[PDB]
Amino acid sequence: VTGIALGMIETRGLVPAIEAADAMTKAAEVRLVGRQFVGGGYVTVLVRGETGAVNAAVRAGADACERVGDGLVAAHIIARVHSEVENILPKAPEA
């Protein structure tokens, strides 16, 4: 796979997170690299790919959870992070 764009969707609840997480990977060719628990209820999900692929993922992921549980927080794409920032980005999630 090996694109490096970043898709991110932030939710309130893990349940919306997991639909997001899944609709995203069903959408385009992304890699789910992280699911984090931020405290306070937000959960983020994070996937990497090429730019087209990651643009689609997030769109699809957005309108999939927007009404699941307590809903969507943000949904956002950095087509190319800076190497400085990959030091806080996970490689693969913790199962």
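Don't overthink the numbering: it's just position in the shown sequence, from 1.
Using the B-factors recorded in the PDB entry, average over the C-alpha atoms of 34-42 and of 63-71, then report which stretch comes out higher.
It is 63-71 that shows the higher mean C-alpha B-factor.
Going by what the PDB entry lists, where does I4 fall on CA B-factor within its chain: lowest, middle or highest third?
Ranked within chain, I4 CA B lands in the middle tercile.
Ordered by C-alpha B-factor within the chain, which third holds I78? Give me lowest, middle or highest, please.
According to the entry, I78 has a C-alpha B-factor in the chain's lowest third.
Using only modelled residues of the chain, where does the Cα B factor of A27 rank: lowest third, middle third or highest third?
As the PDB entry reports it, the C-alpha B-factor of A27 lands in the highest third of its chain.
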